[PDB]
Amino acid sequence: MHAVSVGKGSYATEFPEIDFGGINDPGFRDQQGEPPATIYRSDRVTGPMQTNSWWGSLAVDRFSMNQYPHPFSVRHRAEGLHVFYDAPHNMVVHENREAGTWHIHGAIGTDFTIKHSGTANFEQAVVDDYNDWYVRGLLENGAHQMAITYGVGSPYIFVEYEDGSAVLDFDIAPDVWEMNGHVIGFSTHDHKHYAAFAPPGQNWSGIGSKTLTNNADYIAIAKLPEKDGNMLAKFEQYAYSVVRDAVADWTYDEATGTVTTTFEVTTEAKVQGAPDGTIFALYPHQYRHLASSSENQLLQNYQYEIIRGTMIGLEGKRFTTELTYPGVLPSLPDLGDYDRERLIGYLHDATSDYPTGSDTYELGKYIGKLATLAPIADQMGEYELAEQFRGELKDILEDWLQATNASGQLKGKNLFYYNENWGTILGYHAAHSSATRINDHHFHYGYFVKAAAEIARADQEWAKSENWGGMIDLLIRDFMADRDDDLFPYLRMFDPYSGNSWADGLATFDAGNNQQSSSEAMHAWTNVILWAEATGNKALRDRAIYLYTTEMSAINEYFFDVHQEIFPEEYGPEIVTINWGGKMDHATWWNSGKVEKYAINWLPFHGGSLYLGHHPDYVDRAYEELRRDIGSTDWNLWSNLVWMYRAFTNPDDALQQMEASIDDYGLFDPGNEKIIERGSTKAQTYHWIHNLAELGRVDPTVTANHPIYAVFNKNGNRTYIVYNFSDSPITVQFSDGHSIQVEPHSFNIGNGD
């Protein structure tokens, strides 16, 4: 009737009568709602609706907000599609010294508007189709229709007309520098270079005026890299091949660690003989990893400058990238030179901790904290305390994973609900617009998966599908479903082409979609790898490995700029805190200080965090910049996160800072995150830093033929760590020739007591 049973748990199918707990705060109350009733999609788009996309504002707004199908920005309006390109004169880097914020951004301008001869009063723009990274937006006014196909990594906009023909409208007359009749090369008054293409014999008119017209029912627009007729001729070749399908298919080679992704389009010919293929514009995280076999397809001098650096052109039907999955762990092992009694004391101290809210995010942080403590307790021989932590995790998850109370009625809080309209699992209490905007499901549900993965590491029975595993796998499907999932869209959070997750479900911003905590995305992927390994689910594990590895490639480019090629020279910070489709900010979604604008992309620290240490010059450079700005090691907030980060390259320094201040305050205090961030503990901090002191640096040059491992290197001496989730012993082969044997349900070394 009102809930669906899933193993021992359930989800609500009717919106619950929310228990507000006597809280009258309007913000809190408004959070306990649902996503928008109205979805702007045609009747060609059925089933669970895609969210968390670069193009989402087209689905949520009557028209759209500003979008970034790089190299373009575009926006839908009643009058047609505005097209823009941020040239260097449009780009700015601004600093607000007192706020401690920086902003790299362009403009919301219009180079020209793509229009329909029959109307400039479209009623709405709807999603008419989409694939892994393109969208087809349909401007509708009865018989008059204009379908616009566009995407990230597409230097083409394809335009299909019903009951009318093409118009390009400009505020200032453009320079048409090449007139081939049906094909034109033109520049805006401010020297931005474009081209337009119509079928042979359909010639452009209005050359020299503010309005270019064509009788065709099909045109394409290209952004040209240069004012270059040879480039124009190359763009002609693919200007009539409209992208209909686009898939990012991947494989994980467990033996080598290689994650291979092939990006393939299928096009439809708009003139006789049009090739099946396109010109792709690749982002840095793609071309820096281009497969050998795709190199011949590069159009070497075809570059575009965008917010994310330089895009490069590549021609054909497909291209491939190759990445290396580095492994993850369920926890750091027991390899530190800590005082064991001191660590045991901190473990017991952590029993004072409690969640600082009732919503999925604050409860999430708390269960992540307990799940992080439990293996450390096992290591210290405190098995009863470890069991206390896991029992608390079980109590919390067995509550939240049930939608009904003892009487069989729907609960008013601590439950999950399936919104059928969009097709998404929502948790109440909600926060950060997790329900009202479908935000952050990876960030929040990642913590639930962490808790489940830690339970599963000790208790396989609990994790079985007919027990509590079914509900955990439901939460995972919400945020990273495979294809053809009856309840959820494909890989909700992830944008396979941009290479990162997008946190906002709706994308109703003029900067496109955004992601702030890339580390909470990586945490979600890590926990799915662990959960799936523990529960013997290879297909799920491998999908999470693909996500972890691809997301890592985008983080190192766009959040860290480890290669020092992307951020403008005049940008002061050594991190971008929030990445948007159209801009980059050193700023947070809440009013914060200096440390948080770095550390929100580090936290939480867990056994999947070692990707943060692959680039030690970056770790040094970022730390030194933060230290310069603070002016000392007196961190304004979250000191322990800074010490843990510093330990990636200088554990002696991290240790001395930790010794000086870790015991400044006593037990858990929600009002005071100066020393310990509220999702962290003294026990975790002390265990992490001492482990890194003994282990040395992350060594990403060594891979393994199983997925749950790490390799460290201290002055040339390697330490190899494997956790074995199997009932059987395993042998692990490393890429440097090292080979180890691991007993069931154990680390190879540092199991502790």
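Each residue number is its position in the shown sequence, starting from 1.
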Q.
Mean CA temperature factor from the deposited coordinates, higher in 293 to 301 or in 479 to 487?
A. 293 to 301
Q. Should the higher mean CA B-factor in the entry be assigned to 623 to 631 or to 435 to 443?
A. 623 to 631
**Q.** Identity of residue with top Cα B-factor, from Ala59, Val45, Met65, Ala710
**A.** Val45
**Q.** Candidate set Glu557, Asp334, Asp542, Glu322 [ranked by C-alpha B-factor, highest]
**A.** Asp334
Q: Would you mind checking where the Cα B-factor of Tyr85 ranks among the modelled residues of its chain, as the lowest, middle or highest third?
A: lowest
Q: Report the third (lowest, middle or highest) to which the CA temperature factor of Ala374 belongs, ranking only the modelled residues of the same chain.
A: middle
Q: Place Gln124 in the lowest, middle or highest third of its chain's C-alpha B-factors, as listed in the PDB entry.
A: middle
Q. What third of its chain's C-alpha B-factors does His285 belong to: lowest, middle or highest?
A. lowest
(Q) Where does the C-alpha B-factor of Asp111 rank in its chain, lowest, middle or highest third? (A) middle
